[PDB]
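Below: the structure, in structure tokens.
Read-outs: derived from the displayed coordinates by stated rules, not from any lab. Cβ placement follows ideal geometry from the backbone for every residue including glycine, while neighbour counts extend to all protein chains displayed.
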Amino acid sequence: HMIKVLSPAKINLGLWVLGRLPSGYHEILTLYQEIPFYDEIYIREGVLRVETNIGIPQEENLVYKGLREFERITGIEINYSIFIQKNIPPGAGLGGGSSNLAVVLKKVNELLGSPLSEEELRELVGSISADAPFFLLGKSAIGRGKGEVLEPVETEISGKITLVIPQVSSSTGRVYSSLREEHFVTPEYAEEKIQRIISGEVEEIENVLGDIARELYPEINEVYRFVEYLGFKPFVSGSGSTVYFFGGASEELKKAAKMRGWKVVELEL
Ligand SMILES: C[C@](O)(CO)[C@H](O)COP(=O)(O)OP(=O)(O)OC[C@H]1O[C@@H](n2ccc(N)nc2=O)[C@H](O)[C@@H]1O
Ligand SMILES: Nc1ncnc2c1ncn2[C@@H]1O[C@H](COP(=O)(O)OP(=O)(O)O)[C@@H](O)[C@H]1O
Ligand SMILES: [Cl-]
């Protein structure tokens, strides 16, 4: 009895870093926005298996790690065969892996009689991925702490958004590790910025991890410069690699993308 579950992406509509935590993580503020861009996940009764169409090893898959932790916490044997069709590229700053982890573990929990509460599930996915708890909420939310302390919000943002995703995979850890004092801001500063974005002022979006990613991976900067040339203000999701803008894709951009190996995703919010 195979089922299909959709695993959506997010973008950050702005991100600010407040400082380092002794744990090695960073305290942040960000506006998360779930976007209609999905991995397709097929769940089948069978021997525990987690496969993708892009060669991610089972042992390194967040979903697999989550299911194995589920088994350990709960005592219940997981007999599900998982295949993920990965439309959302790894290292794109769209939280694809985090989404995968959250929707699979939410579904498997329900299928097995809900041995974990909303809170326990949240803590489980959260202990593996800072972005994963967002995907248990979806829609629009302010993420605080490491990103997992969530406040649902209603924004005045709608219309076309285009994602331009280069082939280069951005390492989240490497981008965060390049942060120094000059990159940090007070929460009061970030908090004012986020509220303006929520009210529709998209010009107020910024993201220091984007600044760093453009330096560490020159192709992200090329995409960024190309979007400017197209007549749009570019923005960066996560720690890169994705650049987005508020508008549609022209034939010129599609041509550039085809030639350069960029993925162009046209969305409506
Ligand atoms: C950049 C964002 O995509 C914005 O939504 C997220 O903060 C990244 O979250 P994620 O992909 O779930 O990241 P994780 O897999 O939990 O952590 C990967 C690495 O990123 C760094 N990291 C992540 C989250 C955070 N609040 N501070 C950090 O410093 C840590 O060095 C960590 O080892
Ligand atoms: N199910 C999964 N989907 C995508 N990436 C995964 C998955 N499981 C593990 N990974 C690993 O996580 C990294 C990218 O994950 P992703 O959530 O796309 O990062 P980000 O969105 O922060 O750029 C890659 O190194 C990849 O090998
Ligand atoms: Cl930005």
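Observations on the structure shown:
- Listed values for region 75-91 are Karplus-derived 3J(HN,Hα) couplings in whole Hz (6.51 cos²θ - 1.76 cosθ + 1.60, θ = phi - 60°), namely x, 7, 6, 8, 10, 10, 9, 10, 10, 10, 8, 7, 7, 8, x, x, x, and x replaces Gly and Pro.
- Take the Cβ atoms of residue 228 and residue 123, set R0 to 35 Å, and the FRET efficiency comes out at 0.25.
- Amide hydrogen neighbours beyond the local backbone of residue 50, cut-off 5 Å, H modeled: 82
- Separation between Cα centres of region 87-158 and region 231-251, rounded to whole Å: 23
- Other residues lying with their Cβ under 15 Å from the Cβ of residue 23 contribute a combined charge of 0, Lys and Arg counting +1, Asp and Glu -1.
- With respect to the chain, whose longest principal axis is taken over its alpha-carbon atoms, helix 218-229 is tilted by about 50°.
- The calculated FRET efficiency for the pair residue 74 and residue 215, based on their C-beta separation and a Förster distance of 35 Å, comes to about 0.20.
- For the chain, size of Cβ-based charge dipole, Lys and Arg +1, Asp and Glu -1, in debye: 820
- Fewest-first sequence of 131, 39 by Cβ atoms within 10 Å of each Cβ: 39, 131
- Annotation: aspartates and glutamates with alpha-carbon distance below 15 angstrom to residue 193 (same-chain offsets under eight excluded): 156, 201, 203, 204, 206.
- For the pair residue 264 and residue 112 in one chain, pulling the backbone fully straight at 0.36 nm per residue adds 50.9 nm over the alpha carbon distance.
- Remark: for residue pairs 4/86; 160/263; 4/258; 139/254, the C-alpha separation exceeds 22 Å in 4/258; 139/254.
- Reduced Cα scattering model of region 95-136, Debye log10 I(q)/I(0), q = 0.20, 0.29, 0.35 Å⁻¹: -0.49, -0.96, -1.24
- Relative contact order of region 1-154: 28 percent, from C-alpha pairs under 8 Å at least 6 residues apart in sequence.
- Shown here: region 155-269, whose C-alpha atoms stretch 42, 33, 20 Å along the first, second and third principal axes, sorted largest to smallest.
- Environment charge at residue 109 (Cβ cut-off 13 Å; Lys +1, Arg +1, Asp -1, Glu -1): -4
- Net charge over other residues, Cβ less than 13 angstrom from the Cβ of residue 189 (K, R count +1; D, E count -1): -3
- Selected from 242, 52, 74 as most flexible by GNM, with the chain as the system and alpha-carbon contacts under 10 Å: 74
- Top of 40, 219, 71 by mean-square fluctuation, Gaussian network on the chain, Cα under 10 Å: 71
- Dividing the convex hull volume of the alpha-carbon atoms in the chain by its residue count gives 129 Å³ per residue.
- In whole percents, the pair-distance distribution calculated for region 6-112 from its alpha-carbon pairs, binned every 10 Å from zero, is 13, 41, 30, 15, 1.
- By the count of other C-beta atoms within 10 Å, a proxy for reagent exposure, 206, 154 are ordered fewest to most as 154, 206.
- Computed about the Cα centre, the dipole magnitude for region 64-214 is approximately 760 debye when only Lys and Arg (+1) and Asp and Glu (-1) carry charge, each at its Cβ.
- With a simple spin-label model that places each label point 7 Å from the Cα along the Cα-to-Cβ direction, the separation between residue 203 and residue 155 comes to 1.8 nm.
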